[PDB]
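> this one is an experimental structure. Sequence first:
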Amino acid sequence: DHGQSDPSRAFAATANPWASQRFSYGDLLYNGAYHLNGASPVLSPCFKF
Amino acid sequence: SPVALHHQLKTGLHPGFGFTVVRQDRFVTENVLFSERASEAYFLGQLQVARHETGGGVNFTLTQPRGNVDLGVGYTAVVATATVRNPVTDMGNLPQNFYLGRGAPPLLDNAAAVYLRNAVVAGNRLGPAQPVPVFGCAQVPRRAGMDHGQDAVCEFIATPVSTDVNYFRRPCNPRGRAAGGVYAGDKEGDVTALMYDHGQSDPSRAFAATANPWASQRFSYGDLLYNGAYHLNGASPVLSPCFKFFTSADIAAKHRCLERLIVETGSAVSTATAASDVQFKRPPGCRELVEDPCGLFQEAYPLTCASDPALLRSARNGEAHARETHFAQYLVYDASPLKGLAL
Amino acid sequence: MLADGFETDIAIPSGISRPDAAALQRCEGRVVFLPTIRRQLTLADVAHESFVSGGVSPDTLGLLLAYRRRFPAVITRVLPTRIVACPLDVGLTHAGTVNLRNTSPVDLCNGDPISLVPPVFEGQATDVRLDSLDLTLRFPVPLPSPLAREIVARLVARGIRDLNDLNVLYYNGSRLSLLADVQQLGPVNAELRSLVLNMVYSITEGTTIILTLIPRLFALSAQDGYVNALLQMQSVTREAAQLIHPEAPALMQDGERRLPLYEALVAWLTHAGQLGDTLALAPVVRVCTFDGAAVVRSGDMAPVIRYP
Amino acid sequence: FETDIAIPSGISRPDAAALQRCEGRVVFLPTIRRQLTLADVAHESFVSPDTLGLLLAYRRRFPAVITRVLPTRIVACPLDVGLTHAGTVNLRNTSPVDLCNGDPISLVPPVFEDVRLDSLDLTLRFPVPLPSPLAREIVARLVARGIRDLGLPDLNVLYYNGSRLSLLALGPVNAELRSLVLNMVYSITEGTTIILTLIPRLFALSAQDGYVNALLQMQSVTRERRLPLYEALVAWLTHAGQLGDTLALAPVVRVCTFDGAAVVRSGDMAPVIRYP
Amino acid sequence: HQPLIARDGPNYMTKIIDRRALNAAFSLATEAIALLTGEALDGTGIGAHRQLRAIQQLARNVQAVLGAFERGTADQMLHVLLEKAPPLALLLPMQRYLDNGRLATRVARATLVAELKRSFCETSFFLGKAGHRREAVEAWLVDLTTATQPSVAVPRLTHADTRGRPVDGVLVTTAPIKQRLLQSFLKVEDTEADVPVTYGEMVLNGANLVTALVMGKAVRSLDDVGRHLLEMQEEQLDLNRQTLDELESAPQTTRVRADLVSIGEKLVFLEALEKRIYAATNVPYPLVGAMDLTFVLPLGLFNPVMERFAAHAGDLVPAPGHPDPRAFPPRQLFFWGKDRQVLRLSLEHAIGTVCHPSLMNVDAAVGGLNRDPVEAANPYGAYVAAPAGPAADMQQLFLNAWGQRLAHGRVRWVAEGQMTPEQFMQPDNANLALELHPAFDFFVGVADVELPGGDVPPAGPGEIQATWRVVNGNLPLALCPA
Amino acid sequence: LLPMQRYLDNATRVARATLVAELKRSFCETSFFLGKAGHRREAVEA
Amino acid sequence: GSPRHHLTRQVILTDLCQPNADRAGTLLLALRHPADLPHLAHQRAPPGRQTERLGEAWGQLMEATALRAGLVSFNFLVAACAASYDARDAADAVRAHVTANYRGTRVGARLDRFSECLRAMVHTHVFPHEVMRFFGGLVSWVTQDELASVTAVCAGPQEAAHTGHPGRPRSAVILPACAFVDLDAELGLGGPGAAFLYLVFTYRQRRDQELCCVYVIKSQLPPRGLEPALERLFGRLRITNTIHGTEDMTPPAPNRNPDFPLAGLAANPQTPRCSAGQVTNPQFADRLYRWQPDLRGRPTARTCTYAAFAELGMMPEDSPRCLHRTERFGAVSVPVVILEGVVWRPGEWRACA
């Protein structure tokens, strides 16, 4: 939700428009729910983020 | 103009103003007591059994009335503040709306009064979700989550540019003139003569009558925004931190005995709550026994503050190595009771 | 007991002077507004200090709107350490009889429903002020109901004037007037909305038949001494009959199966007959004097048993 | 607690039989009192009043249901102070309406269809214990009849508990109910013109298009010679506020049946409580 | 007795008993009553066993409430001794002031404030600021035990050691402070103390009341009211001769395990009370207090004349061929947050205080500055004339009619041009009180004159008017300098 | 743990939010102790 | 001390309510005799709605329970209106044991039928707050073929009435967690005080898209001051009823009524008038002003109702205690709100028009 502010830094809605919002460039690459990179065995460290 | 001053504060133009931000913080402490060989007589009574009935079953409320006798000629007990736990409030930047408030005459053009409100409330941490009802308080929208603690509500008092910064490098009054009932003498009208007579000089800095003509004098711009006497912001639950600095009816009501004002600011009643979300005016029931140094002196304290990120970093070394000023820049190093705590 | 009675304990503080302590014992049968149904409260909750809004102490009309958001209770015995009350919404007592006291200049009779009214009258604004505690106790005035619908009508219709005399009443031939004061614009608009909603909702398709009876009332007023004493000297329908000749629409949609007047009267009873409860509060209370006298004088107690 | 209504002496043989029949029936006393004469009970004490005069009088007086009837005195208990102490007092139908379980029961003056004692020279009118959702109907049907005299065949047809009521069964009840009709019509014709003078537009607006958008503003909270108009406001709020009490017919009686039939028919007795 | 000392050259203490009451509940259930009374009983073993589930439900509730009053004593004594006690940061001035003179000169009161301010900001949190030292801390605990005057009452039984030395004080700390003080700063000298057990009783000499019915009116039958006085006043001696003989014979003192630390010249109970009393109850431990500190942050100020410099010639230099973003007037603030944040506070946060249209609410100021009748000033700028005649003779109408008006007193706004911004806020001028708003000029005008009209205004009095400052340039040069 | 034992003795929304500022700070300071401040003694014995 | 209460007994057909599946301590709501339903629909309906719908929808229910002023248990009523709540995860759990524990064949064909009855009630405009009447909470029952003997507390505290089984004699008020809506937590009232319990229906008037919801609301507000709190929750339903509840009523297109001229007619002394005997004569009434008001298709108050409440009882505690447990109804685990110590007081209904 980006009508609300970031609970860490409360004076901005986020720190990345390309990673934080839904259907962003960050979401499309590193979600389990879309499965881009679950076929390769190499770990993606931001999978839990 | 409140339309014309919107177009500049967004697009990066500095107008001829300067604001002095005032906010309030609450620090959980760890006190230390001391008492004496017989510092208080203490009386207890006889228990009473009161029977009440309820669909769940019969209640037995038990009462025992008790008594306190303070037989100390002089002072027999001491609180001592030892350490500092978490600060409750996050030392942040929560700007204050007056669109939460109610009781100000709108500008007459309904095409333009709606335009300003949709330009400031829309996308704000604080502005009302629903339009303000005619009775009761407007509500602050619920944040989905918090990380640091509650949000210290900032303020903006309009002050002129050409005041010196040296009035702020010392524990001072944000009004620009030293208020307070401690300073007065033994006449009938001395307390109002302190805060508003500007033929005399400031008791704190005696070579000038004020530091702010826009906030110290009667009917100033500072008084019209923040008073208990005029009720501009009587409707919002959000606390204004300079409410206890400007409301002249409350300073004039306190007494002058320093034997009792020192004890009564050991357990004074705060004007804020900790169970709130942002920071609220207190409900009429709750009482948080919080010691007030600002209650006695009507003075506020400076922070470690600058106006460059480059120039702030000289202050993390200590005190004598921090450069204070640059060509048009300045530092304010703190003079607080938090000077060597590394909080 | 739990069902029949409910005793609250309004606690009295420590430091009270005897000029203040001897004033509370004269407050035996009064009306006290609790905010809740707690069993332990303090005088700072009862008094006018807790009555204030955000900074604004409201006038006699806004004084109504924060009554009906609260709970009326009657003091039953003033002890030195506490005041014992009984909230009327729960239950009276085991015996179901609690003595009130007239503050009105008006006598009571048997079976009259009591509604309570603020201290509106002149020579009546009697606030028991406790100096050691800085507490005023604005006690309301138990009036009969056909007075309490007049005074609310005198106060609500007065604020409609100032959005662009009346203050003289008469009851049983005794002249009495109510105080006049400037009104806060806030609670007046909360009264106008409760009028116009319950007023417009009482208008139905069938009411255009009742409106055709206005020349029948006026032509009947010249023969019956009941209708002549009904209409008024300053009514509207007398001036509506001399200038307007209304007539009904001929047909109704699905006019076989529905009753046009029956839907008009039921909608009138549930919205405009209900209106006296939507401005003021409810007449919970009525007088049942047993053996003493059928008329209760001013300053005298009166036994009370609840009314629906 | 029980009151005693003493019969004055001089009772003939059918007159003791007529008072023997009113076992479970509602009686209005003026004030709660131990000693009480029968002449304050009877219809002589009400002077003859019409239906409006009874509805006023049935709120200033205090109802009481008769218990057992002694040959010397009538023992009755009031419904306000004497019923919260005792458990349950039986109540007899005089209505054509079957009582169901759990109904709230108000009282209606005897509009439909008179125990007269000839030796004592008095009559006795007794109210009709019918349920409160019908009480706001049966009054409202008959007032709607009298307006038509200054009908429709469905207006006299009432279905309750699968039973048909016929309000028609007409002559004297029309003249009996006249002061209601003269006050019901007037309080609406005065009502719907003062609105129509304060806000004069309300009929000129289009019904489903403009009038709705002007109705939503009335509903929302966030939006804030001389006609003797404002003296007619007060004139109307005291008269319409007067008919709100009298035609409320607020329920006294709630029936809770225990070890019996769920439906109490005409002529039978029904158990009654008024307190939890 | 007040201490008095003789000099060269030419009481009773009444204290109001505070009073509070306490509360605790007990609630039973519905089934719990039917078993204690006996209504749900049979002859079965199960019904006799079900009593034990409900009789002991009393015994688990009776102890948990009757024991909840001796832990109320420990609660209430904290909540009162917190209210008697002022903090150390405002006592080390006051004990030096009361012991010195107790003198009522306005100067000494005006030097206590310079003591109460400085001793607050320096010795607020001593164990956090200078807790790493040792010698400064061991003097701080002596500053606890010597800032208080020993009280009036001598108790009957006195707390002591196994040695029997009396204790003169009590420290109450939290748990982590007690662990820190018992490692390096203090010493435990004793473990088991002698403590009295009995409460104290009274000698009643009360005003007595006599109510007795008398059958008849005789001499001997009315003296029995008089005999009843000395019959009941004798019984008050029979009570009071017992209460002294009980306290002589009662078991007075027992042996109690509690920590005893000597500080300076006297013994002190050192005590932490969040494990005995406040354990597993929902009460805040009252010794964990709070602070209220208000802070000041200046957004958009400007440096004075002798402060516009750099500390070196090449201190903060931008890239060569680029403008220096430092010499511009600042509009921002940076400070530290709670979790080490480089926060930012600029003018665009001040929209919500200024864009709100109450900045142009002036009528509360115009209609009250004209309460006392202000005198008449020079109306050269307070007045606008309607134009007339040809334009060639327009100035000759001006100077020939305004000749004497231009020389009464000083023109206000021209004389404000030679003001140092430190001279403006001084009480030198008579125009402080007409500077109140950042956008409205407040001046002295002309009474009852609609504008524009007439060449010369009528000689009437003046009143304070209000005209909107249109642009940023209309601020005076003492509030935004050249 | 040491931030949590100081919380289980007082349950609002803000008092939960001040745990996280303590749970972050007490982790990043006192995660490893015999390697960071292992040369001192007074810090170790407490 | 033993408090005073009042019991009721009634021989009740077990088609709609089941005192075996619904255990001791649930709400019970009694009906009118269903011969009154198809005639009140014929009379109280607004113009242009199908009066022949209520008589057919109820007829399809009696022909579904065969494969008399009865009783509907609360758990049956919630699962019938289960397609209109917010917590749909628990609303499909209340239906899960209604179809699985109730004695009969195809209980799941009753719920889709009885809800079609309730949609016919709103549409044919006999509102079920004029039909559903409060009946007491369960304390015991006696079973039989096709009927049961139900014992309940019409007035009094729930925890005083003895159950009958000396192993577990008491009964607490058992409610599913879908209907129980607080107003203490959602408004912020955390202070102690006695709380009132209210039965609240909600409607939604559209053409063949109509709903029903039954709630039990605990509040510290009087019954005189509930209407500002119901409006805050259910104002979405209030807006949708004023513009969509008036449909197939024929409007006057365009407007025919002019403005009301009495403020202009009475000011001018030249306007023609009449005496008391001159009026109601056609030679003198035609000289006056003609005024034909048209009220047709207006959104009247009864066609704009969104909710209806009533008193139900109170909890005379200082701090009233609720619980949230998951009791097992046979083999189905259901979110249950358990009320503690309810003192029953019925009251009359009140529409929120």
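In hand now; what should we look at? Numbers count the residues shown, from 1 in each chain, chains lettered A, B, ... in the order given.
> check the burial of residue 25 by counting its neighbours.
As the question left the chain open, I've gone with chain A. Using other Cβ atoms under 10 Å in any protein chain shown, residue A:25 has 12 neighbouring residues. The way it works is simple: take the backbone N, C-alpha and C, and place the C-beta from them, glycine included.
> please go with chain G instead
The burial count assigned to residue G:25 is 20, neighbours taken as other Cβ under 10 Å.
> contact partners for the residue lying closest to it once chain neighbours are set aside?
Nearest in space to residue G:25, with sequence neighbours left out and distances taken as Cβ to Cβ, 6 or more residues apart in numbering or on different chains, is residue G:171 at 4.0 Å. Contacts for residue G:171 (Cβ atoms under 8 Å, 6 or more residues apart in numbering or on different chains) come out as G:24-25, G:137-139, G:158-159, G:161, G:163.
> neighbours of residue 31, how many?
No chain was given, so I picked chain A. Count around residue A:31 with other Cβ under 10 Å applied: 13.
> was after chain C, sorry
Applying other Cβ under 10 Å, we find 21 residues neighbouring residue C:31.
> and for residue E:74?
12.
> skip the chain neighbours and tell me the closest residue to it.
Nearest in space to residue E:74, with sequence neighbours left out and distances taken as Cβ to Cβ, 6+ apart, is residue E:277 at 4.9 Å.
> report how many residues lie close to residue 49.
You didn't say which chain, so I picked chain A. 8.
> chain E was what I was after
Using other Cβ under 10 Å, residue E:49 has 9 neighbouring residues.
> likewise residue E:348?
Residue E:348: 15 surrounding residues under other Cβ under 10 Å.
> equivalent analysis for the one 5 residues further on, please.
Residue E:353 is flanked by 21 other residues according to other Cβ under 10 Å.
> mind listing what residue 47 touches?
No chain in the question, so chain A it is. Taking Cβ under 8 Å, 6+ apart, we find residue A:47 in contact with A:30, A:32.
> oops, I was thinking of chain G
If you count contacts by Cβ under 8 Å, 6+ apart, residue G:47 has them with C:252-255, C:258, G:248-250.
> ok, now residue E:17?
B:43, B:67-69, C:14.
> tell me the backbone dihedrals of the residue of the stretch 101-250 of chain E found nearest chain D, please.
Relative to chain D, the nearest point of the stretch 101-250 of chain E is residue E:213 (32.9 Å; Cβ to the nearest Cβ). When read as degrees, to the nearest 10, the backbone of residue E:213 gives phi -80, psi 140.
> and for residue E:48?
Main-chain dihedrals, residue E:48, degrees, to the nearest 10: phi -80, psi -30.
> cool, and residue E:27?
The phi/psi pair for residue E:27 (degrees, to the nearest 10) is phi -40, psi 130.
> with adjacent residues omitted, what lies nearest to it?
Looking at residue E:27 with Cβ to Cβ, 6+ apart, the closest residue is residue B:59, at 5.0 Å.
> now that neighbour, which residues is it bridged with?
Note on residue B:59: beta-bridge partners by DSSP bridges are residue B:52.
> and the helix ranked longest in chain G, how far out from the chain's middle?
For chain G, the helix with the greatest residue count under DSSP state H is helix G:227-244. Centroid displacement of helix G:227-244 relative to its chain, using Cα atoms, centre = their mean, to the nearest Å, is 15 Å.
> any idea how many residues pack against the residue nearest to residue E:74?
Neighbour tally, residue E:277, other Cβ under 10 Å: 16.
> cool, and the one 5 residues further on?
Applying other Cβ under 10 Å, we find 8 other residues in the vicinity of residue E:282.
> now check the longest helix of chain G, is it near chain D?
Yes - Helix G:227-244 reaches chain D (Cβ under 8 Å from any Cβ of the partner chain) through G:231, G:238-239, G:242-243.
> so what does that helix touch, helix or strand wise?
On a contact count with 3 or more Cβ pairs under 8 Å, 6 or more residues apart in numbering or on different chains; DSSP states H and E, helix G:227-244 meets helix D:210-219, strand G:195-202, strand G:307-315.
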